[PDB]
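Reproduced below: structure39.pdb, with PDB, C-alpha atoms.
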ATOM      1  CA  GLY A   1     315.042 173.268 145.172
ATOM      2  CA  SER A   2     311.644 171.443 144.918
ATOM      3  CA  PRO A   3     313.313 168.400 146.577
ATOM      4  CA  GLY A   4     316.328 169.466 148.766
ATOM      5  CA  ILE A   5     320.083 169.329 147.950
ATOM      6  CA  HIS A   6     320.442 173.047 148.976
ATOM      7  CA  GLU A   7     317.467 174.028 151.235
ATOM      8  CA  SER A   8     317.619 170.474 152.731
ATOM      9  CA  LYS A   9     320.164 169.397 155.407
ATOM     10  CA  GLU A  10     321.318 165.711 155.453
ATOM     11  CA  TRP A  11     323.426 165.959 152.290
ATOM     12  CA  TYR A  12     326.611 165.334 154.384
ATOM     13  CA  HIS A  13     327.477 161.844 152.990
ATOM     14  CA  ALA A  14     331.281 162.184 152.585
ATOM     15  CA  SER A  15     333.666 162.220 155.628
ATOM     16  CA  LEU A  16     332.268 161.837 159.179
ATOM     17  CA  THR A  17     332.065 159.028 161.823
ATOM     18  CA  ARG A  18     330.609 155.562 160.958
ATOM     19  CA  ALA A  19     328.135 153.372 163.048
ATOM     20  CA  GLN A  20     329.031 155.754 165.903
ATOM     21  CA  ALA A  21     327.254 158.779 164.318
ATOM     22  CA  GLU A  22     324.148 156.698 163.436
ATOM     23  CA  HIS A  23     324.057 154.894 166.828
ATOM     24  CA  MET A  24     324.372 158.407 168.348
ATOM     25  CA  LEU A  25     321.586 159.757 166.075
ATOM     26  CA  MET A  26     319.391 156.635 166.536
ATOM     27  CA  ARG A  27     319.948 156.652 170.355
ATOM     28  CA  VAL A  28     319.613 160.469 170.792
ATOM     29  CA  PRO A  29     317.043 161.821 173.230
ATOM     30  CA  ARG A  30     314.652 163.553 170.723
ATOM     31  CA  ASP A  31     313.059 162.070 167.580
ATOM     32  CA  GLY A  32     314.107 163.210 164.090
ATOM     33  CA  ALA A  33     317.880 162.502 164.394
ATOM     34  CA  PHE A  34     318.907 162.307 160.629
ATOM     35  CA  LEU A  35     322.498 161.546 159.440
ATOM     36  CA  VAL A  36     324.227 159.869 156.430
ATOM     37  CA  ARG A  37     327.780 158.498 156.862
ATOM     38  CA  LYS A  38     330.248 155.940 155.346
ATOM     39  CA  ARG A  39     330.010 152.165 156.085
ATOM     40  CA  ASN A  40     332.761 149.433 156.056
ATOM     41  CA  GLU A  41     331.312 147.926 152.828
ATOM     42  CA  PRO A  42     332.363 149.272 149.384
ATOM     43  CA  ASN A  43     329.552 151.113 147.511
ATOM     44  CA  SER A  44     327.666 151.017 150.853
ATOM     45  CA  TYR A  45     326.627 154.292 152.551
ATOM     46  CA  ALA A  46     323.962 154.499 155.302
ATOM     47  CA  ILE A  47     321.198 156.866 156.510
ATOM     48  CA  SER A  48     320.484 157.471 160.232
ATOM     49  CA  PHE A  49     316.812 158.366 160.782
ATOM     50  CA  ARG A  50     315.095 158.337 164.228
ATOM     51  CA  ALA A  51     311.270 158.318 164.058
ATOM     52  CA  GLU A  52     308.650 158.215 166.866
ATOM     53  CA  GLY A  53     308.464 154.565 168.076
ATOM     54  CA  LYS A  54     310.141 153.488 164.772
ATOM     55  CA  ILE A  55     313.793 153.252 163.744
ATOM     56  CA  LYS A  56     315.478 151.503 160.781
ATOM     57  CA  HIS A  57     318.494 152.260 158.533
ATOM     58  CA  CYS A  58     320.791 150.288 156.182
ATOM     59  CA  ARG A  59     323.373 150.609 153.330
ATOM     60  CA  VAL A  60     322.969 152.795 150.214
ATOM     61  CA  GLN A  61     324.913 152.119 146.966
ATOM     62  CA  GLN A  62     326.849 155.243 145.861
ATOM     63  CA  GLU A  63     328.123 155.627 142.267
ATOM     64  CA  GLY A  64     330.380 158.461 140.920
ATOM     65  CA  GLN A  65     327.370 159.877 138.974
ATOM     66  CA  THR A  66     324.155 158.624 140.678
ATOM     67  CA  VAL A  67     323.760 157.131 144.199
ATOM     68  CA  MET A  68     321.143 154.361 144.615
ATOM     69  CA  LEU A  69     319.200 153.057 147.649
ATOM     70  CA  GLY A  70     317.772 149.538 148.294
ATOM     71  CA  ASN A  71     314.799 150.284 145.925
ATOM     72  CA  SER A  72     315.483 153.334 143.677
ATOM     73  CA  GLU A  73     318.218 155.503 142.076
ATOM     74  CA  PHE A  74     318.879 158.980 143.588
ATOM     75  CA  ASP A  75     321.103 161.966 142.643
ATOM     76  CA  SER A  76     323.461 161.687 145.676
ATOM     77  CA  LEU A  77     322.049 160.457 149.088
ATOM     78  CA  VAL A  78     321.064 164.116 149.680
ATOM     79  CA  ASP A  79     318.313 163.618 147.021
ATOM     80  CA  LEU A  80     316.222 160.888 148.803
ATOM     81  CA  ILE A  81     317.184 162.493 152.156
ATOM     82  CA  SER A  82     316.104 165.936 150.828
ATOM     83  CA  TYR A  83     312.826 164.243 149.788
ATOM     84  CA  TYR A  84     312.475 163.143 153.447
ATOM     85  CA  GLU A  85     312.949 166.701 154.777
ATOM     86  CA  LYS A  86     310.440 167.975 152.230
ATOM     87  CA  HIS A  87     308.020 165.082 153.070
ATOM     88  CA  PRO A  88     308.843 163.960 156.658
ATOM     89  CA  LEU A  89     305.507 164.499 158.633
ATOM     90  CA  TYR A  90     306.995 162.767 161.792
ATOM     91  CA  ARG A  91     305.987 165.659 164.186
ATOM     92  CA  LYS A  92     309.535 167.060 164.932
ATOM     93  CA  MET A  93     311.120 165.287 161.947
ATOM     94  CA  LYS A  94     312.171 167.483 158.977
ATOM     95  CA  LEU A  95     315.929 166.881 158.316
ATOM     96  CA  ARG A  96     316.601 170.115 160.253
ATOM     97  CA  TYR A  97     316.397 169.277 163.973
ATOM     98  CA  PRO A  98     319.137 168.573 166.529
ATOM     99  CA  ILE A  99     318.908 165.877 169.252
ATOM    100  CA  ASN A 100     317.701 167.691 172.407
ATOM    101  CA  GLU A 101     318.134 165.730 175.674
ATOM    102  CA  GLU A 102     314.897 165.233 177.669
ATOM    103  CA  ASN A 103     316.995 166.042 180.819
ATOM    104  CA  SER A 104     318.627 169.185 179.266
ATOM    105  CA  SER A 105     316.015 170.379 176.665
TER
ATOM    106  CA  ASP B   2     325.008 145.095 164.756
ATOM    107  CA  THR B   3     327.628 147.966 164.266
ATOM    108  CA  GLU B   4     328.622 147.583 160.521
ATOM    109  CA  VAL B   5     326.311 145.423 158.258
ATOM    110  CA  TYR B   6     322.812 146.278 156.709
ATOM    111  CA  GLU B   7     321.264 146.234 153.148
ATOM    112  CA  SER B   8     318.087 148.345 152.395
ATOM    113  CA  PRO B   9     318.064 151.783 154.149
ATOM    114  CA  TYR B  10     315.523 154.654 153.516
ATOM    115  CA  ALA B  11     313.882 154.442 150.065
ATOM    116  CA  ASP B  12     310.314 155.905 150.403
ATOM    117  CA  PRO B  13     308.830 158.971 152.112
ATOM    118  CA  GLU B  14     306.660 158.079 155.169
TER
END
Before we go any further, please render this structure as structure tokens.
Amino acid sequence: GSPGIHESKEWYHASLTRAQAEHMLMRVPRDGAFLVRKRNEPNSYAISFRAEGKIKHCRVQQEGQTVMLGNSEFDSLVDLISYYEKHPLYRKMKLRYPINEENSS
Amino acid sequence: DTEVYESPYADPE
């Protein structure tokens, strides 16, 4: 709604690939690559986010009621991620962009 | 490396 959760996009923090998906998203050709997936640590999820000349991601603490990041509490990773789509600003970054290859597109 | 961080994305920006 105002934030994301439904109209947003990176609320997929349940069963996908691990470092692989983020490395893929962080190393993709275009900027914007966003993706949340499981990490090897318990209560430790992560968020892949590729920004123009800037890239950084780490572990998020998930609880069966309210997930929390390394600074604030959030209703499921999708909440803070939805906030990012709503307030991204990074030119082609808005939690709703694929990773187009310079060579292909 | 491939499986070990701590503070991910907390603020808009």
Once the PyMOL selection byres ((chain A) within 12 of (chain B)) has been applied to the shown file, what residues remain in the selection, as a PyMOL selection string? chain A and resi 3+18-24+34-52+54-61+67-74+77-91+93-94
The centre and edge lengths of an axis-aligned box containing all atoms of region 63-71 of chain A present in the file, extended by 3 Å on each side, are to be given in Å to one decimal, as JSON.
{"center_x": 322.6, "center_y": 154.7, "center_z": 143.6, "size_x": 21.6, "size_y": 16.3, "size_z": 15.3}
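In this model, the gap between CA of residue 95 (chain A) and CA of residue 2 (chain A) comes to 14.8 Å.
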Between CA of residue 10 (chain A) and CA of residue 29 (chain A), what distance in Å does the model show, to one decimal?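 Separation between CA of residue 10 (chain A) and CA of residue 29 (chain A): 18.7 Å.
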Between CA of residue 65 (chain A) and CA of residue 32 (chain A), measure the distance and give it in Å to one decimal.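 So the two atoms, CA of residue 65 (chain A) and CA of residue 32 (chain A), lie 28.6 Å apart.
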